[PDB]
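Trainee: Could you have a look at this structure, given as structure tokens, before my questions?
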Amino acid sequence: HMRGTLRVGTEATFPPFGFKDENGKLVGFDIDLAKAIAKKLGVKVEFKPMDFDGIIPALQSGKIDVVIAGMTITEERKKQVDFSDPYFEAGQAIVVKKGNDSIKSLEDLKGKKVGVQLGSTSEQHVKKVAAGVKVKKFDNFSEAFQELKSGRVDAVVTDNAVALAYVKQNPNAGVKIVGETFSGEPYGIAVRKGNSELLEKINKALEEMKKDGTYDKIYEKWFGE
Ligand SMILES: NC(=O)CC[C@H](N)C(=O)O
């Protein structure tokens, strides 16, 4: 059976991928991508915004049909979900106060307080470098960034376009990006393991979108030429 409604697990605090406009509506690159894929499949989207660490459980337990949530494809995750072909390539970045000149890389988080999203690749990357780093873990990244603003952490680590977005969205916070890398986090759309019928349709849609202009129009909307 082809579901007429695809329940899409997504972010709500992960600009420019999944966040809320000024009327509380979900927007972002992943929101636009989901709608485009749904249109090619002939179905409607129902978004389920949720904290990231609950996304794999949601998909495995049948709360959602698909994940478009800035989710990096990893070999370990492929034991938990099936992924589409990659739809985006991200990197990493660290956000610090403008005043700070001690932190230029993950190496420099030595004996510092650092915030990360629970369940993220960022959390894995920082766990590795931590040399006595004090890691604080958050249910969503807006909470992490809250603690940076208040001085509860000295840095927050996330995907590079989200770090940039937080900086652009918060001039009054007097923050800046350091340690930026540009690749190494391929994003994929995930479906339940063994849902080959839906995965094939999603792959085909993505391939068509990259051919026909649809993908490149979404990319330009969010990132420019
Ligand atoms: N929504 C997120 O926080 C995802 C971050 C990272 N790309 C990952 O897959 O862990």
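All letters in the sequence shown, in the order written, are residues 7 to 136, 139 to 233 by the entry's author numbering. Each residue gets a CB set at the ideal place from its N, CA and C atoms; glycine is no exception.
Just tell me which of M217, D57 and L39 has its CA closest to the CA of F146.
Mentor: Taking the first residue of the sequence shown as position 1, residue 146 is located at position 138. For the residues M217, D57 and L39, the minimum Cα distance to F146 belongs to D57.
Trainee: Start and end of the beta strand (DSSP E) containing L12?
Mentor: Along the sequence shown, one-based indexing puts residue 12 at 6. First-last of the beta strand (DSSP E) with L12: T11 to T16.
Trainee: Shortest alpha-carbon distance to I100 belongs to which of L124, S90, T80 and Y174?
Mentor: Taking the first residue of the sequence shown as 1, we reach residue 100 at position 94. Minimum Cα distance to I100 is reached at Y174.
Trainee: Here's a check: name, in chain order, each residue in its chain whose Cβ is nearer than 8 Å to the Cβ of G182, leaving out the five neighbours to either side.
Mentor: Against the sequence shown, residue 182 aligns to sequence position 174. Taken in chain order, the residues that qualify are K103, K104 and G105.
Trainee: Please look up how many angstroms separate the CB atoms of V199 and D71, rounded, as I've assumed it's under 8 Å.
Mentor: Taking the sequence shown and counting its residues from 1, one reaches residue 199 at position 191. Taking the sequence shown and counting its residues from 1, one reaches residue 71 at position 65. Confirmed, about 7 Å.
Trainee: Look up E52 in the DSSP assignment and say whether it is helix, strand or coil.
Mentor: Here residue 52 refers to the residue found at position 46 when the sequence shown is read from its first residue. It is a strand residue.
Trainee: Comparing the CB of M8 with every heavy atom of ligand 1, is any distance shorter than 6 Å?
Mentor: Here residue 8 is taken as the residue at index 2 of the sequence shown, counted from 1. For ligand 1, not one heavy atom lies less than 6 Å from the Cβ of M8.
Trainee: What's the gap between the Cα of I185 and the Cα of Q66?
Mentor: As a first step, residue 185 is located in the sequence shown; it is residue number 177 there, counting from the start. As a first step, residue 66 is located in the sequence shown; it is residue number 60 there, counting from the start. Whole-angstrom Cα-Cα distance: 35 Å.
Trainee: Which residue comes first and which comes last in the beta strand (DSSP E) that contains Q86?
Mentor: Along the sequence shown, one-based indexing puts residue 86 at 80. No beta strand (DSSP E) holds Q86; DSSP gives it neither H nor E.
Trainee: Under the criterion of a Cβ to heavy atom distance below 6 Å, does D167 qualify as lining ligand 1?
Mentor: Against the sequence shown, residue 167 aligns to sequence position 159. Yes, Cβ of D167 sits closer than 6 Å to a heavy atom of ligand 1.
Trainee: Grab me the residues of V161's own chain with a C-beta within less than 7 Å of its C-beta, minus the 5 sequence neighbours each way, in chain order.
Mentor: By one-based count along the sequence shown, residue 161 stands at place 153. Excluding residues within five positions, the ones whose Cβ falls inside 7 Å are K119, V120, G121, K144 and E155.
Trainee: Is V132 helix, strand or coil when you go by DSSP?
Mentor: Sequence index remark: in the sequence shown, residue 132 carries index 126 (1-based). Helix at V132.
Trainee: Just how far apart, CA to CA, sit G192 and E228?
Mentor: Locating residue 192 in the sequence shown gives position 184, where the first residue counts as 1. Locating residue 228 in the sequence shown gives position 220, where the first residue counts as 1. Straight-line Cα distance between these residues: approximately 21 Å.
Trainee: Is the stretch 12-32 touching the stretch 80-87, taking contact as three or more C-beta pairs under 8 Å?
Mentor: Output reads no: the stretch 80-87 does not touch the stretch 12-32.
Trainee: Using the Cα positions of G202 and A171, report the straight-line distance between them to the nearest angstrom.
Mentor: The count along the sequence shown starts at 1 and reaches residue 202 at position 194. The count along the sequence shown starts at 1 and reaches residue 171 at position 163. Whole-angstrom Cα-Cα distance: 34 Å.
Trainee: Runs of 4 residues minimum, wholly inside the stretch 180-226: which ones carry the alpha helix (DSSP H) assignment?
Mentor: As far as the stretch 180-226 is concerned, its whole alpha helix (DSSP H) runs of at least 4 residues are 204-220.
Trainee: Beta-carbon within less than 6 Å of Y223's beta-carbon, same chain only, minus the 5 sequence neighbours each way: which residues are those?
Mentor: The residue given as residue 223 occupies position 215 in the sequence shown. Hits under 6 Å: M217.
Trainee: Would you kindly report the start and end of the unbroken alpha helix (DSSP H) that includes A44?
Mentor: For this step, residue 44 is matched to residue 38 along the sequence shown. Taken as a continuous stretch (DSSP letters only), the alpha helix (DSSP H) holding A44 covers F35 to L47.
Trainee: Who are the Cβ neighbours of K133 in its own chain at under 8 Å, not counting the five residues just before and after it?
Mentor: Counting from one through the sequence shown, the residue named residue 133 turns up at place 127. Within the same chain, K133 has close Cβ partners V143.
Trainee: Please check the pair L112 and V87, which I expect to be a contact at CB under 8 Å, by giving their CB distance rounded to whole angstroms.
Mentor: Locating residue 112 in the sequence shown gives position 106, where the first residue counts as 1. Locating residue 87 in the sequence shown gives position 81, where the first residue counts as 1. The Cβ separation is near 27 Å, so there is no contact.
Trainee: Compare the C-alpha of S108 against each of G187, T16, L207 and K225 and name the closest.
Mentor: As a first step, residue 108 must be located in the sequence shown, where it is residue number 102. Residue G187 is the option with its Cα nearest to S108.
Trainee: Determine the contact status of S90 and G196, defining contact as a CB-CB distance below 7 Å.
Mentor: Along the sequence shown, read from residue 1 onward, the residue named residue 90 stands at position 84. Along the sequence shown, read from residue 1 onward, the residue named residue 196 stands at position 188. Taking 7 Å as the Cβ cut-off, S90 and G196 qualify as a contacting pair.
Trainee: How should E17 be labelled, buried or exposed, when 16 other C-beta atoms within 10 angstroms of its C-beta is the threshold for buried?
Mentor: As a first step, residue 17 is located in the sequence shown; it is residue number 11 there, counting from the start. Classification for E17: buried.
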